[PDB]
């Protein structure tokens, strides 16, 4: 079914899923089959699920269907290089969580929705969007012919939905910083315990962050181009901010676009590098993600000093 190069390269952390949208669902199915065997998801339901999820992603520059699949791939690479650490249901739940983690994203951050006084901010006070992304996942599961978890027991159903809920909520980067701080203290004290469910939850949350930010772990040309999509959303949000009468944070002001390289150094130094560093400590086979991140940091440093 899938090409030769894709079957080889899909195992690489820095794999790009390519421009051909119609290939991505099969990419995702292949990944699902190759983690949880060909035997646990009914292929007609699964594809009906995938295609409905795709439909509920929006045509935004970055937080789109392609991002969903790119994020799911990263999890696949992590899961594939840490065999026997996670359960069958976890590998299912995490792959589906990643695919659905940005469902119905409109390009705006939680802060804007708050400032806009959006209805979703009234419903979900914290992790507004991420709570909506989970709510959307449920609703798609509850469509006729879409319940990909019908073969599971009721207990396993609740279990996997809880795995998915927590993993999607972890993609709220506001939660990353505390999580990663906790995990860092657990590692340095030697107290991190993967048999501890609370600890597992945090490690899963950090895995989710690592996957969500994985654009920074690709090769320079991919990383550089995706950066345009990211800022295209930030600047559109800064515009909407100015339309509300609020002077947006500099990152979101297209008039300050000359400062993108500096904003990137900021992001890598405060978020990306610490994230992959901590993940590599906990899961050493994720080293390539960190190496690629360090490499892209140097590229941004080359950009800054005029060597682009």
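Residue numbers count along the first chain shown, from 1.
Residue range whose averaged C-alpha B-factor is higher in the record, 74-82 or 139-147: Of 74-82 and 139-147, the stretch with the higher C-alpha B-factor average is 139-147.
Average Cα temperature factor in the PDB entry - higher stretch of 40-48, 259-267: According to the PDB entry, the answer is 40-48.
Residue with maximal Cα B-factor (values as given in the PDB entry) among 60, 275, 69, 32: Checking the PDB record, the top C-alpha B-factor among 60, 275, 69, 32 is at 32.
Entry-reported Cα temperature factor of residue 218, expressed as the chain third it lands in: Bottom third by C-alpha B-factor.
Third of the chain's Cα B-factor distribution that residue 163 belongs to, per the entry: Ranked within chain, residue 163 CA B lands in the middle tercile.
Third assignment of residue 202 from its chain's C-alpha B-factors: Answer is lowest: the recorded C-alpha B-factor places it there.
Residue 101, C-alpha B-factor rank within chain (lowest, middle or highest third): Bottom third by C-alpha B-factor.
Third assignment of residue 226 from its chain's C-alpha B-factors: Its C-alpha B-factor, which the entry lists for residue 226, ranks in the lowest third among residues of this chain.
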